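Architecture and fold: a report
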Amino acid sequence: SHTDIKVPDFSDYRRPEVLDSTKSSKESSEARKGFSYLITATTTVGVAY
Amino acid sequence: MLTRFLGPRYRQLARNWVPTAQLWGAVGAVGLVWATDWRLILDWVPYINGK
Amino acid sequence: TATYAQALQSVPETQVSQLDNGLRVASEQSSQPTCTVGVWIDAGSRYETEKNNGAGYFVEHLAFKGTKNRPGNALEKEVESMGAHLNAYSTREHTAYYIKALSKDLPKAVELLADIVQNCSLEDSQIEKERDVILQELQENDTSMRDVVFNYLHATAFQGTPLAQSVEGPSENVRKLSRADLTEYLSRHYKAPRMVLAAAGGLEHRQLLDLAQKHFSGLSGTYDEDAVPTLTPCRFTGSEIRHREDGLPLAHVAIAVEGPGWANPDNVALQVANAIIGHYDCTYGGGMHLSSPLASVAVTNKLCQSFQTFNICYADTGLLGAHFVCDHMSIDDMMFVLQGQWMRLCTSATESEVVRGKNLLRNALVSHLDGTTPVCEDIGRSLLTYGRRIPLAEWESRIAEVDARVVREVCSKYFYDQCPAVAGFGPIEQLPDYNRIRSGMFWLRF
Amino acid sequence: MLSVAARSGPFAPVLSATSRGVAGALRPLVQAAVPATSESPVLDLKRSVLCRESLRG
Amino acid sequence: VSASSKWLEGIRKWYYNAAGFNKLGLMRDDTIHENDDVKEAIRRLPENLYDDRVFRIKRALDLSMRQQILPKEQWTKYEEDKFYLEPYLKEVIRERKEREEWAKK
Amino acid sequence: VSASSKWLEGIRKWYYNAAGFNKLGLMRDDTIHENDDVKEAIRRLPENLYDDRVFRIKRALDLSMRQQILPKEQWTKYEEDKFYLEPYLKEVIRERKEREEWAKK
Amino acid sequence: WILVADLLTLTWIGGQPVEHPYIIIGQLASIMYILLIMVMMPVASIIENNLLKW
Amino acid sequence: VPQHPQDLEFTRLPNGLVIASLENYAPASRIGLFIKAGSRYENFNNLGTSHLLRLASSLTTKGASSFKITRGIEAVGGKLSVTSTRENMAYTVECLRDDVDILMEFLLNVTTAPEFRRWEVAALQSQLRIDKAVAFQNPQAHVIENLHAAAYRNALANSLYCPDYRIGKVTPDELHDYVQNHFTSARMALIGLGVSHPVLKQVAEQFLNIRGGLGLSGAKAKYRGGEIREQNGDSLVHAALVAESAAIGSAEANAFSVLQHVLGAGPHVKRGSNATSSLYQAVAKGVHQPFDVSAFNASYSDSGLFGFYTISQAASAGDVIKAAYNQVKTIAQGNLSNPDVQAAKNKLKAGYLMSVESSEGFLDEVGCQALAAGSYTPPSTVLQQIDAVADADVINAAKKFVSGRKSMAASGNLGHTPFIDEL
Amino acid sequence: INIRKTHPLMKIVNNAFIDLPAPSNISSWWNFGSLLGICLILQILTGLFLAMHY
Ligand code: HEM
């Protein structure tokens, strides 16, 4: 009686790298958090100046 | 009471923290550098040479 | 004596064999006068595909539902009158069916097994009626809410994504159950070459091959045709949801971080790692002296009503981690515990615990190896996944090889900077944001 | 020549700190699992169960 | 609290006639500065004891405010003082020596 | 929420197409500024109701953050709105009129 | 009170302009500050402890 | 091949202590201690002190610090639990054979070295209330266990929990006394599995001396038979109706086990009509909905009863329970097959089989040998004794069960149920 | 435990900025507030430094 739920589609919000059920973010993540981290550090190193 | 943290256990703890310790230390030092740009060190800085 | 490893050799040797299909039959011949006769019914919980939803659960409800060669009460007659054992334990790719028996009886159920293997029928009576017992028994039979807990960890914290896919499938499907799911998709699924010829007890493997030919032969011969894809990696859900309940009286909380599955070589130490993790039992006493430092403070702070390291499985990935129970409070510090402990873990290794949970995996190591059915199914998934059996000194070898450097490092390798499972049950407000809780997924401790 | 045990599903508790508690004792009572609406719970002011430790060679 | 200890513990006897404690009739054990070990130490204290040290303590406060002291006769009997905690306390000394011990381990 | 009330309660319908509430699909009753009377008023609210107003409220927050609104179709059905509290509420209006009443007494 | 003696002592010490006796005087007063606190007061503490016997 | 595989050595210490070294060449470590300290030896002077002690292994120990003890226990990371039974409390250590000595030492400590610290004890108190919580908890801990509490009636029902009215009242006097009153070489059973009969004898010798047991089996524990009657409001009713059987070791004991099989119990193969019994097959023909009935064994050496644990919704309770009795009557008709008898011997005898069985349910079953057997009348001899199965005494037995004052047990409201006087 | 939870001055702090639970719906109406204080701070700051010479 309790199990019937389901979940929605992220695609519209999804960045490209995750598009596929095919592949592992085992690659992607480090690149994604990389880009962000980059941006962040840009904000830290610049702000330092 | 150093014996409290003195033991092969906490010894090993240090052995862990050591490289990191180097890291944060460097952080502080370089900070003093760029912050200060103190002439004393500033001299050795090539192409960071400001004149 | 011949020490735990030379006891491991001194622990006798199991054997295995390959019947001519390419058919798989392995033997542990023992002094067991009874035995676990695995006819290892290899149809598991995750083995199935999207519109295939539920057909294996139905099949489960269909597994003993009765057949031709033996009618239902007749299956109960040879079988039950024999006073024999049958189970269906369904897993990702595979499952099993036990038979407890007089080793004397060894042929009989094998025969039974074969018709099990084959003669299981979809009976427009049963398919009406036993499948009114499926439509009914199943239909409302669903609702287990620790399977909304632990299978919130499976049916939720494990997503339902094609790889994350849940087990039971739709109630819409429950209406929509088909002989095309059974007439067809039983056959359109059930494929013998993967089925497991599983031998546990006192037994004769020569006789095993014998009776195999006698009855068990002629199985995978009809097999293949199409539709056998592999696992395309992707991301499981990666979320949290509170079934939002004022009605949930007290949190049945939980969390997990990779649990075993079939594949990866890492999980070895991760096992050991999960050992370092450990499961903090409510019923457990001794918290003042508790080993998991987490557990300790949890006692001192009276900081939660349970946590149990729980390993969620998929080949090469999963989540292994604590169940939990708590009031309006714990969860926050819990992760401060948990992730922090993980953080603590990711940093803090001391060989002591490494050796401890080594002994854990040693004792436990028995407790799987020790036991007749545990050894049984152990063989079943052992070849199922492995195709090999980590020998006593092989598993005690990589085990023996255990390395706490790989604790720090390999820990960092798998563990660091990730977003594994956490599921409470109930009013989760102490659940911080992914922007907090999973900001907590990151460490400002450094 | 001294006997304690086995008749399956009654209660003679087994408990510890390292472990958790249980009683499986001599006599039955375990047969109830049958019906439809097989339901089952979690999430409210409770205990649960089932742990163990088992591994390998 | 007798002559060596009425000089020395007669910082607590003659010189806590001077430093007050025992001539104030205090409880020797009670003089330990409150610490954590002290804390749970007392948590484990004996009951009838607990009452006793209580009345002692309160009274001490009482004359303290009164800035008086009991009759020098009423001033406490020298020596002749059970070491109240010291079995219990010292036991705890082994305790925190034990938590401290396997701790060292 | 219809033409007189789509002009007037069409400050809540056409002009809460403009002022947002009902075109945001809000709950008429829900619009009452929280007060004490309002407070315990809700305390007495009906349950299934409570859920309903809940989902309504949260959603409102949701698009609010999203700074979007539901389909104008999804924008709420005009008129055709149970006055949820108003029996319960207005009852309380009599209540605080009663506490207020014998109060006056 | 002894330490205090060192203290207002230090006052009247400052209470003179630079002077022959004073030189030594304060010169020792410091030792006190270092002793009468850092040593003699702590040393004292240890001592009293020894005496305590309880 | 082991030097011809070691026969477990049964012995009694010359001192009157049960001295059992079952030589096990097996790789693991299994350490039993069977204690007469099981509920039988318990007394009305105290309540739940066995529930307590059952928790209180962790307690502050003489010469051993429950934290330091916790450091050794916690250290090897092995299995040590004393077991709560009506007959015994069993100190168990399964682990790597190495620490055994330490374990043994721990064992030696665990058994022999309670400090029963007031402070510690007082602390321990609450964890009990927790315990009773677990006890009553869930349809297993509730409808099975609290409706064991609502099933179990006599001093066997002297609980794995304690009494409420007794709550919090334990005394360390009652500790040192209780063991001093209870714990004894009378309770002494030591069982090695995996070790040196010589070494177990070594520690055993330098260690274990004790004595001091006591008297009697019960009121005839007052035979009310009849209801332990419980208003529940159980939703789906939990009622269990109690036939009787026979005493432990009784000649007919085995026969009772037959009758058990006759009505049978939970199947070895799941998901079945319960086709196998006039209690079940004729609950099958008889009953259309959730139901259960089964026979216990409350085996004193002195006495015994095998009830029927029952499960069903309220509406049919008169219907079912009466039918129950009816089927019982029907059953007591003596109508039986031979294949009933033999195929029974298959079913239940197999009962002794898996019941005897494997490394854990060895240590729990062949450790209900490595504790709870005492010899092998082998599956040869005990299944000879089992082959000594004889039907007629199950007929005259059918009368015998029909012949007594037995118990009924109530969880619910009887508005649909029978009260057994109105039976 | 968590010093964030634990530390009393922090106990204020988390209670003030950090642990502070706050309406999620929150709107840009905000910003000015901290601005002002920042302003204020800078105000003082500058004024101060300003004072320093002026
Ligand atoms: C306690 C911190 C403050 C100090 C020390 C401070 C001190 C001063 C001093 C010395 C001047 C004259 C020098 C000059 O005009 O540049 C001045 C100008 C002024 N400051 Fe402040 N003041 C402080 C806080 C404020 C605050 C709170 C305000 C209100 C926003 C404020 C607004 C002004 C204004 C309006 C003037 C004059 C206009 C001008 O800059 O020419 N200052 N302040």
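Scoring rules and cut-offs
- Residues numbered from 1 in each chain as written, not as in the entry; some residues may be left out.
- Chains lettered and ligands numbered in written order.
- Part of a larger assembly, values for the part shown.
- Heavy atoms only, no water.
- Residues with missing side-chain atoms left out of burial classes, pairs and counts.
- Helix = DSSP H or I, 4+ residues; strand = E, 2+ residues; numbered from the N terminus.
- Rg over C-alpha atoms; globule rule 2.2 N^0.38 Å.
- Pairing = 2+ DSSP bridges.
- Contact = heavy atoms within 4.5 Å.
- Nonpolar A, V, L, I, M, F, W, Y, C, P; charged D, E, K, R; others polar.
- Expected span 1.5 Å × (residues − 1).
- Axes fitted to C-alpha atoms, helices over the stretch in contact; angles between N-to-C directions.
- Parallel < 35°, antiparallel > 145°, perpendicular 65-115°, else oblique.

Per the PDB entry, chain G is named Cytochrome b, and its organism is Ovis aries. This structure appears in the PDB under the title "Architecture of supercomplex I-III2".

The PDB entry lists chain A under the name Cytochrome b-c1 complex subunit Rieske, mitochondrial, with Ovis aries as the source organism.

A few words now on the overall build of chain G. Of regular secondary structure, chain G possesses three helices and zero strands. Against the globule reference of 10 Å for 54 residues, chain G gives a C-alpha radius of gyration of 14 Å, more extended than a compact globule. Once the C-alpha set of chain G is aligned to its principal axes, its extents read approximately 50 × 15 × 15 Å.

Moving on, we come to the sheet that holds strand 4 (residues 39-40) of chain C. Residue and element names in this part refer to chain C. If you trace the four strands from one edge of the open sheet to the other, you get 1-2-8-4, paired in mixed fashion. Across the chains shown, the open sheet's two edge strands, defined by having one partner strand only, are strand 1 (15-18) and strand 4. Sheet analysis places strand 2 (residues 24-29) next to strand 8 (residues 196-201), joined by five bridges and oriented parallel. Each residue of the ladder has a partner; that of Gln 29, found in strand 8, is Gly 201.

Bringing unusual backbone geometry into the picture now. Notably, D:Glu39 is not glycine yet its phi reads approximately 45°, a positive angle. Unusually for a residue other than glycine, E:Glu79 sits at a positive phi of about 40°. The topology assignment puts E:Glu79 in the loop between helix 4 (47-66) and helix 5 (85-104).

Ranking by contact count across five pairs of chains in contact places chains C and D at the top. Over all C-alpha pairs, chain A and chain E never come within contact, reaching a minimum spacing of 40 Å.

Turning to the interface of chain C and chain D, a few remarks are in order. Facing the 32 residues of chain C at the interface are 20 residues of chain D. Looking at the side of chain C that touches chain D, the elements with two or more residues in it are helix 5 (132-141), strand 9 (251-254), helix 12 (351-369) and helix 14 (392-398) of chain C. With seven residues, the single largest contributor to the side of chain C that touches chain D is helix 12 of chain C. Counted by class, the side of chain C that touches chain D contains 16 nonpolar, eleven polar and five charged residues.

Attention shifts here to the sheet that holds strand 13 (residues 323-326) of chain C. Residue and element names in this part refer to chain C. Reading across from one edge, 9-13-10 is the order of the three strands in this open sheet, with antiparallel pairing throughout. Edge positions in the sheet fall to strand 9 and strand 10 (306-307), since each of these pairs with one other strand and no more. By the bridge criterion, four bridges tie strand 9 to strand 13 in an arrangement that is antiparallel. Residue pairing across strands places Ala 251 opposite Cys 326, the latter belonging to strand 13.

Structurally, H:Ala410 is set in the segment after strand 9 (407-409). In sequence terms H:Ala410 and H:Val242 are 168 residues apart; their C-alpha atoms lie 10 Å from each other.

On to helix 4 of chain E. In this model, helix 4 of chain E (20 residues) spans 28 Å end to end at C-alpha, consistent with the 28 Å of a helix rising 1.5 Å per residue. Positive backbone phi, approximately 55°, marks E:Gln67, located one or two places after helix 4 of chain E.

Turning our eyes to something else, we now look at the pairing of strand 8 of chain C. Within a regular beta strand, the side chains point alternately toward one face of the sheet and then the other, so they alternate between its two faces. When strand 4 of chain C meets strand 8 of chain C, the two strands line up antiparallel, connected through two bridges. Each residue of the ladder has a partner; that of C:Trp40, found in strand 8 of chain C, is C:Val196.

For the rest of this paragraph, the subject is the pairing of strand 13 of chain C. Relative to strand 13 of chain C, strand 10 of chain C is paired through two bridges, and the arrangement is antiparallel. Pairing of C:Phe307 across the sheet is with C:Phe324, part of strand 13 of chain C.

Another aspect to go through is the packing of helix 4 (residues 118-136) of chain H against helix 5 (residues 140-149) of chain H. Residues and elements named next belong to chain H. Viewed as axis vectors pointing N to C, helix 4 and helix 5 meet at an angle of 95°, and their least axial separation amounts to 6 Å. Classed by the angle they form, the pair helix 4 and helix 5 counts as roughly perpendicular. Counted together, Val 134, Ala 135 and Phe 136 of helix 4 and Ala 141, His 142, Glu 145 and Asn 146 of helix 5 form the full contact between these two elements. Class assignment of the residues belonging to the contact of helix 4 with helix 5 gives a composition of four nonpolar, two polar and one charged.

Another aspect to go through is the packing of helix 2 (residues 20-38) of chain G against helix 3 (residues 40-52) of chain G. Residues and elements named next belong to chain G. At a closest axis distance of 3 Å, the pairing of helix 2 and helix 3 adopts a crossing angle of 25°. Taken together, the axes of helix 2 and helix 3 lie roughly parallel to each other. Along its contact with helix 2, which presents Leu 35, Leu 36, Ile 37 and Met 38, the element helix 3 presents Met 40, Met 41 and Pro 42. Across the contact of helix 2 with helix 3, the residue classes tally to seven nonpolar, no polar and no charged.

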